[PDB]
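First up is the structure itself, then whatever we jot down about it.
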RNA sequence: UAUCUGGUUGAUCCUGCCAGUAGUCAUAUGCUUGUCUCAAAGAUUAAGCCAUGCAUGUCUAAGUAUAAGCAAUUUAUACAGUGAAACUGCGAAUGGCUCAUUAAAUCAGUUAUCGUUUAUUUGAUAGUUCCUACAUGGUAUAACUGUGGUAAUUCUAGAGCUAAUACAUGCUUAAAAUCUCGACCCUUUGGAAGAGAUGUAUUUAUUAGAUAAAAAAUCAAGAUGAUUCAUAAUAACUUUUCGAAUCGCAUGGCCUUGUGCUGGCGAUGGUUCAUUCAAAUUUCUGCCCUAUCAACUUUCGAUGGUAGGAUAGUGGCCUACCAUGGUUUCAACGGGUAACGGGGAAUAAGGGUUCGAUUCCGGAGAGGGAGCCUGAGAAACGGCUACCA
RNA sequence: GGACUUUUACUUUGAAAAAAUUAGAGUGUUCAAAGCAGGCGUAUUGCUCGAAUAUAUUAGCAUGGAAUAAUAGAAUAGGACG
RNA sequence: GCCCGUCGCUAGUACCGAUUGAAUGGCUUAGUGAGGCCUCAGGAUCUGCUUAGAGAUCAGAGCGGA
Ligand SMILES: [Mg+2]
Ligand SMILES: [Mg+2]
Ligand SMILES: [Mg+2]
Ligand SMILES: [Mg+2]
Ligand SMILES: [Mg+2]
Ligand SMILES: [Mg+2]
Ligand SMILES: [Mg+2]
Ligand SMILES: [Mg+2]
Ligand SMILES: [Mg+2]
Ligand SMILES: [Mg+2]
Ligand SMILES: [Mg+2]
Ligand SMILES: [Mg+2]
Ligand SMILES: [Mg+2]
Ligand SMILES: [Mg+2]
Ligand SMILES: [Mg+2]
Ligand SMILES: [Mg+2]
Ligand SMILES: [Mg+2]
Ligand SMILES: [Mg+2]
Ligand SMILES: [Mg+2]
Ligand SMILES: [Mg+2]
Ligand SMILES: [Mg+2]
Ligand SMILES: [Mg+2]
Ligand SMILES: [Mg+2]
């Protein structure tokens, strides 16, 4: 199949190589998963030495962590926004690592306002306790809140869907979301 | 070359088995096991070529399938089983006890030991790590992992092993001036107590040894098996106590012991 | 040089987290290390803003194997250089030597400022690129 | 002599790639596939033999078919399939509900009933008790070592705070 | 795939093909001890040419050199053993001279006749 | 083991080559052939072609026996001995054969993995699974019986049976600690019953993993030469990995007399970690002849950077986007080789010269090319698929 | 353990280094090429030496040496020293 | 005495040379493309989960599996 060996591929001097031996199972390579959005479909790739790896195509949900908040909430993945590699992966909404998405926000608003009693944007006993205990804490961020107003959060996949079998990411925060917002209205 | 090689050709077998050129094509391949291929003595090599109990290999199997043999206490029927340094081979009829320990010539000598001394052995700690669930472990040269080690045991140290159960009964740290048994290099078979060590960050520390005649020689840290205290070995050394006589001295002793 | 973030991806050190909720003045929390072998991680590696995952200090790349020396003959390639390693080879017939040489590709951290003719020290690495197996650990000249 | 294969449609023959667990092919080897010639699933003049199974019996007896009846060769082996054949449930203790087949030595007429695997015996109970036993035996032996090392670690600290009290 | 069973050849043949002096000499030696072969002359003269090289090789080495001593003494006591070297002359400087007939005299063809028992080298 | 001799002239001394001489693990052939031991052998040319046969199969007390098999000791009335066939498991990735290719390739010596996979072997390693069969849960086949096709093969069709360590499911266990929730009460400085969650593996974020020499004010509440290492903690994630529905021998305590709670030896499994057999890339230096090969490389990856895809994993391996770089008279690049490389062989003053298809190691291949199934491992050929011959 | 250190060539010793083959010790294969065996007694209950050693270079690694040969240095003094 | 070159006879080796000469061995542009693999779909048949009915396994309906 595909081969990753360097036997081809001229030596650094510029020298074309002849061909010794053949292609080999262990130099092998396989086709991209090129995973898309919605309707989870996963195929088990059998790799070297047993070793299932998971080929994800069509994945609608992912486990996304709020880094600064120390929690991870399973959300929908609404669509792809930016990719540094290939513009087309945005346009087709293909799920990769380093890919910039927009997720859900809704389980993040249902934890945030149950935790802090705050209600982003715009009566029990022990609840009121911790609610007071948590303050000068819930400041959030200028650019984390305003996203909750359109109810979709910028995330960047840190995982490898075509390998692992999951599309997982973190919420673009501080500097990153400051960077990636620039290219977002410097492209739009 | 598409897989593991399951064969061995005579003349590729390591020289220390002392196998003869003719009289068959191949030498036995040692099983994967406690000890590496090049340092080991398979049980057909020992039961036949050394102990001369078995003529063929077919009698080596007639022996090993009746459980007449055991190694480090366990019966161990594999015709190629890779016995190794510090193992104790025990035959319950004939009531014999052997530990595998090096010659001065670098080879494996048949060394008879006490019904009692047989019951323990020495490993050298190859590594000691913090395992899963926080349980630390140490692992010997001979392939034993042992849970919950004494925390002063560090890498390269030897250990006394129970052999009835897995338990470490004792250890000797690696220090300047501790009786040592070289396993490796040409110096294989010597004894002699560790002058001191060269560091060489970047790999390969060097260990200066002086045996009991005040002769000096060096190896790399890899080959240095700590066996005891000056005098004071923890096992029964074979005759010659690894001093390495010159060819001259060896000619003399042999011809000095002469008259019929 | 300059521009920090000028690439299409956000350049960041992996798993190096500054919470935004907790106000700080550095504005970047930075991880580095020491290569060892008596190789001092220079100030420019701990005071810098550069990312370079391939830097032996601020990066992921682990220095092991040979440690070589040679003089810098090409700085063109950004964040990498080529050094001509002169050596003498022995011809047993004529019992003399002859001038042979090799060029070695090596990745120089922007942690260093190198010019052509400055001899350099270099040490072995996991394969970084097609050609480069070595990273620049010291500037030993000019 | 080429057989039909269900699902190929066509009133023709086509060569196909066959694998394990499929019709008109028995592999010789693990993972072996063999390209072979197969006949369509649609009936036509080119057929020598047509396989017919009867769904509904007709208004006249078919002599070789209906007038006769042929036995099933083997009876239930496993415990619960005997109980589902004979309507027992879990009390009924098969053992006597098992088929017996007589066969003759010619003056010595014999009987042979199969065997069972997966049935519940005193043996199988002793083994499950053995297993539950070793599992708790080791885990408590395991805490024994875990504490005993914890002892060795806190009594090494008190030789550390004592050596700190000597100087 | 078995062992090479190693071998070698016991003799050498003279550089100069036709030399009268040597042809007489060889004949005389072959008549004295009663051989059939210049080969049997060749063979021994090969035996010597190797002993003499070894001797010569031990002589360039320092006096009381472990090699010279260990092998020098070993060879000498070997030659004395079969009676090619004299008790008096064994320091290895007489093996460096020695000569061909010294070995010939020691043959069991020659010893059969040399003490009684035969009354010819051809009867031997 | 440091040697020369013959041949140019009338004669001479030189130059100089031809001839003579000896050895060859160097082939052929001619002639001749008694013994002992040893014993190379279709490499050379044609990795050119192939008739026939043989070369890979396998069972322990110990996964599956209703052979309508064979033994009958009558002692197994579930089965038992023996035991074809078949299933299941494991092997066929070793060996053997050959040297076509292959000239920075291979190979040698020396390094690297803080860059990976790894059956088996050896050492360890599992109380956490939800009224629910746990005295143990499903229907689904071979062999077989029988009915058939086709000139033809290790071709098989339709029908009827019946197993499992096959397939597919599916229970379970001590104490404790910590976490969020929180019904109430009550104002403090505040405290709470009781409800749930916490095996292991997978995925991601975040934190712990200290340690050049020292003291104060305020706002908020173990290891390494080196690592993001080992290991552990938090919040989640999962077409949820694993946590024994298996087997053989012995039958014993315990009796508040029952199939009654317990219980001996060891087989095969099982997850991770280590070990061992390996494997795959990799650092440094070293290859023959050749300028009637001087510039080479980036169609279309050339050299680098960023990111991703992929792989077991490093990596222009591959893809986007960006830069214009990389080799060279220290001979690059191209051509050639009757070129596999090394251990080694022959020739013996010394320095050399010539050879190594071939008994050992490394590599390459199975007519040529490419493709992949199985598996721990094959880009396998005494495996398949296709094309060319 | 902290902080820094001009670079090389040569040469010394050492380690790491398959067996076979080479050199070579030992041993009466009857000699010998070979082989790595064998040699000694209640030969009626075993006794025992061996199966060494050298070469193993060019490069890598570790060490002694500072001759010989290169290299660097402080002159618009931004030189050293504190 | 030596000795040169044409010319003459016979034999041999190479050379130039119309044939847009010819062959073997390897790379390759363009065009076409078997096959396996991955992937969008397909659904011969054969089950599942669920729900409602009747008698102590047969009308009818949803959401997924091979
Ligand atoms: Mg879009
Ligand atoms: Mg092979
Ligand atoms: Mg003449
Ligand atoms: Mg000549
Ligand atoms: Mg005879
Ligand atoms: Mg041939
Ligand atoms: Mg049986
Ligand atoms: Mg790149
Ligand atoms: Mg990358
Ligand atoms: Mg060739
Ligand atoms: Mg050659
Ligand atoms: Mg060769
Ligand atoms: Mg050839
Ligand atoms: Mg040969
Ligand atoms: Mg070979
Ligand atoms: Mg192959
Ligand atoms: Mg093939
Ligand atoms: Mg084959
Ligand atoms: Mg064949
Ligand atoms: Mg004799
Ligand atoms: Mg005797
Ligand atoms: Mg003319
Ligand atoms: Mg004429």
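Chains as they are written, first to last, in PDB author numbering: chain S8, 2 to 123, 135 to 200; chain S4, 2 to 261; chain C1, 4 to 145; chain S6, 60 to 226; chain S9, 2 to 125. Just so you know, even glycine gets a beta-carbon here, dropped at the ideal spot from N, CA and C.
Legend entry - Buried or exposed by the 16-neighbour rule on C-beta atoms within 10 Å, applied to residue 79 (chain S6): To locate residue 79 (chain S6), count along the fourth chain from 1; it is residue 20. So residue 79 (chain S6) counts as exposed.
Legend entry - Boundaries of the alpha helix (DSSP H) in which residue 253 (chain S4) is found, first to last residue: By 1-based counting over the second chain, the position of residue 253 (chain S4) is 252. From DSSP, the alpha helix (DSSP H) with residue 253 (chain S4) extends over 248–257.
Legend entry - Sequence-distant residues of the same chain with beta carbon closer than 6 angstroms to residue 137 (chain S8), five excluded per side: As a first step, residue 137 (chain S8) must be located in the first chain, where it is residue number 125. Taken in chain order, the list of residues that qualify is empty.
Inset, instruction - Kindly list, in the order they appear in chain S4, the residues whose Cβ is closer than 8 angstroms to that of residue 204 (chain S6). - result: Position 145 of the fourth chain, counted from the start, is the residue given in the question as residue 204 (chain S6). Near residue 204 (chain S6) (Cβ distances below 8 angstroms), the residues of chain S4 are 148, 149.
Legend entry - Short Cβ contact (8 angstroms threshold) for residue 61 (chain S4) with residue 45 (chain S4): Here residue 61 (chain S4) is taken as the residue at index 60 of the second chain, counted from 1. Here residue 45 (chain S4) is taken as the residue at index 44 of the second chain, counted from 1. Going by C-beta atoms, residue 61 (chain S4) is nearer than 8 angstroms to residue 45 (chain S4).
Legend entry - Cβ pair residue 141 (chain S4), residue 125 (chain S4) closer than 8 angstroms: Numbered from its first residue, the second chain carries residue 141 (chain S4) at position 140. Numbered from its first residue, the second chain carries residue 125 (chain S4) at position 124. For residue 141 (chain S4) and residue 125 (chain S4), yes; Cβs fall inside 8 angstroms.
Legend entry - Rounded straight-line distance, which links the Cα of residue 28 (chain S9) to that of residue 112 (chain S9): Here residue 112 (chain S9) is taken as the residue at index 111 of the fifth chain, counted from 1. Here residue 28 (chain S9) is taken as the residue at index 27 of the fifth chain, counted from 1. Approximately 20 angstroms, taken between the alpha carbons.
Legend entry - In chain order, each beta strand (DSSP E) run of at least 3 residues that lies wholly inside the segment 35–95 of chain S8: The DSSP assignment places 42–47, 53–58, 62–67, 72–77, 80–83 as complete runs of the beta strand (DSSP E) inside the segment 35–95 of chain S8, in order along the chain (cut-off: 3 residues).
Legend entry - Touching by the beta-carbon criterion (3+ pairs, under 8 angstroms), the segment 62–76 of chain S9 and the segment 244–258 of chain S4: yes
Legend entry - Endpoints, the beta strand (DSSP E) within which residue 77 (chain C1) is located: Translated into positions along the third chain, residue 77 (chain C1) becomes position 74. In the DSSP annotation of this structure, the continuous segment of the beta strand (DSSP E) that includes residue 77 (chain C1) starts and ends at 70–77.
Legend entry - Assumed close pair residue 66 (chain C1), residue 138 (chain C1) - CB separation to whole angstroms, cut-off 8 angstroms: Start at 1 with the first residue of the third chain, and residue 66 (chain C1) comes out as number 63. Start at 1 with the first residue of the third chain, and residue 138 (chain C1) comes out as number 135. Contact flag correct, Cβ pair sits at about 7 angstroms.
Inset, instruction - Using a Cβ-Cβ cut-off of 8 angstroms, state whether residue 138 (chain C1) counts as contacting chain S8. - result: The sequence position of residue 138 (chain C1) within the third chain is 135, counting from 1. Residue-level contact by beta carbon fails for residue 138 (chain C1) and chain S8, as no gap is shorter than 8 angstroms.
Inset, instruction - With a 10 Å radius around its C-beta and 16 neighbouring C-beta atoms as the bar for buried, classify residue 81 (chain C1) as buried or exposed. - result: Indexing the third chain from 1 puts residue 81 (chain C1) at position 78. Looking at its Cβ environment, which holds fewer than 16 other Cβ atoms inside 10 Å, residue 81 (chain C1) is exposed.
Inset, instruction - Could you tell me whether the Cβ of residue 11 (chain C1) comes closer than 8 angstroms to any Cβ of chain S8? - result: Here residue 11 (chain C1) is taken as the residue at index 8 of the third chain, counted from 1. Output row for residue 11 (chain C1): interface = yes.
Legend entry - Cross-chain neighbours of residue 257 (chain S4) in chain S9, by beta carbon under 8 angstroms: One-based indexing of the second chain puts residue 257 (chain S4) at position 256. In chain order: nothing, as chain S9 lies at least about 15 angstroms away.
Inset, instruction - For residue 17 (chain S8), return the contacting residues in chain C1, with the cut-off set at a CB-CB distance below 9 angstroms. - result: The sequence position of residue 17 (chain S8) within the first chain is 16, counting from 1. Here the premise fails: no neighbours, minimum Cβ distance about 15 angstroms.
Inset, instruction - Just tell me which of 171 (chain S8), 163 (chain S8), 115 (chain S8) has its CA closest to the CA of residue 63 (chain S8). - result: In the first chain, the residue the question calls residue 63 (chain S8) occupies position 62. It is 171 (chain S8) whose Cα lies nearest to the Cα of residue 63 (chain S8).
Legend entry - Segment contact, 8 angstroms Cβ cut-off, at least three pairs: the segment 92–106 of chain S8 with the segment 24–38 of chain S8: yes
Inset, instruction - Kindly list, in the order they appear in chain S9, the residues whose Cβ is closer than 9 angstroms to that of residue 23 (chain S4). - result: Counted from its first residue, the second chain places residue 23 (chain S4) at position 22. Correct list: 3, 4, 6.
Legend entry - Candidates 23 (chain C1), 60 (chain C1), 62 (chain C1), 46 (chain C1): closest to residue 157 (chain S8) by CA position: The residue given as residue 157 (chain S8) occupies position 145 in the first chain. Cα-wise, what sits closest to residue 157 (chain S8) is 23 (chain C1).
Inset, instruction - Using a Cβ-Cβ cut-off of 8 angstroms, state whether residue 67 (chain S9) counts as contacting chain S4. - result: For the purposes of this step, residue 67 (chain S9) is taken as residue 66 along the fifth chain, with counting starting at 1. Yes, residue 67 (chain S9) lies at the interface with chain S4 (some Cβ there is under 8 angstroms from its Cβ).
Legend entry - Within 9 angstroms of chain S9 by C-beta, residues of the segment 95–110 of chain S4 in sequence order: none
Inset, instruction - Quick one: residues in its chain with C-beta nearer than 7 angstroms to the C-beta of residue 160 (chain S8), no 5 flanking neighbours on either side, listed in chain order? - result: Residue mapping note: residue 160 (chain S8) aligns to position 148 of the first chain, counting from 1. Once the five neighbours on either side are set aside, the close Cβ partners of residue 160 (chain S8) are 106, 110, 121, 122.
Legend entry - Interfacial residues, the segment 234–253 of chain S4 to chain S9, with Cβ spacing under 8 angstroms: 247, 248, 249, 252
Legend entry - Under 7 angstroms by beta carbon: chain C1 residues contacting residue 186 (chain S8): The residue labelled residue 186 (chain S8) in the question sits at position 174 within the first chain. The contacting residues are 21, 23.
Inset, instruction - With a threshold of 16 other CB atoms inside 10 Å of the CB of residue 144 (chain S6), please say whether the residue is buried or exposed. - result: By 1-based counting over the fourth chain, the position of residue 144 (chain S6) is 85. Counting the other CB atoms within 10 Å of its CB gives residue 144 (chain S6) a total below 16, which places it among the exposed residues.
Legend entry - Alpha-carbon spacing of residue 76 (chain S8) relative to residue 108 (chain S8), whole angstroms: Reading the first chain from its first residue, position 75 is the one you call residue 76 (chain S8). Reading the first chain from its first residue, position 107 is the one you call residue 108 (chain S8). Approximately 7 angstroms between the Cα atoms of the pair.
Legend entry - Bridge-paired residues (DSSP) for residue 229 (chain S4): As a first step, residue 229 (chain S4) must be located in the second chain, where it is residue number 228. Residue 229 (chain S4) is bridged to 180 (chain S4), 234 (chain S4).
Legend entry - residue 110 (chain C1) (DSSP reduced to helix, strand or coil): Locating residue 110 (chain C1) in the third chain gives position 107, where the first residue counts as 1. Residue 110 (chain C1): strand per DSSP, three-state reduction.
Legend entry - residue 1 (chain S9): contacting residues in chain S4 (beta-carbon distance under 8 angstroms): Since the first residue of chain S9 shown is 2 and the last is 125, residue 1 (chain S9) is not available in this structure.
Inset, instruction - Using a Cβ cut-off of 8 angstroms (strictly closer), state whether residue 84 (chain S6) contacts chain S4. - result: Here residue 84 (chain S6) corresponds to residue number 25 of the fourth chain, with the count starting at 1. Chain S4 contact via Cβ: absent.
Legend entry - When 104 (chain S4), 49 (chain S4), 64 (chain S4) are compared against residue 246 (chain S4), the one with the closest alpha-carbon: Translated into positions along the second chain, residue 246 (chain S4) becomes position 245. When only C-alpha atoms are compared, the closest one is 104 (chain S4).
Inset, instruction - Please decide whether residue 142 (chain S8) counts as near chain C1, where near means a Cβ-Cβ distance under 8 angstroms. - result: Your numbering for residue 142 (chain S8) matches position 130 in the first chain. So no, residue 142 (chain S8) is outside the interface.
Legend entry - Per-residue DSSP class, three states only, for residue 199 (chain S4): By one-based count along the second chain, residue 199 (chain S4) stands at place 198. Here residue 199 (chain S4) sits in strand by DSSP.
Inset, instruction - Within 10 angstroms of the Cβ of residue 70 (chain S8), are there 16 or more other Cβ atoms? Answer buried if so, exposed if not. - result: For the purposes of this step, residue 70 (chain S8) is identified with residue 69 of the first chain, where counting begins at 1. So residue 70 (chain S8) counts as buried.
Inset, instruction - Answer with yes or no whether the minimum CB distance from residue 169 (chain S6) to chain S4 is below 8 angstroms. - result: Here residue 169 (chain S6) is taken as the residue at index 110 of the fourth chain, counted from 1. No, no contact with chain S4.
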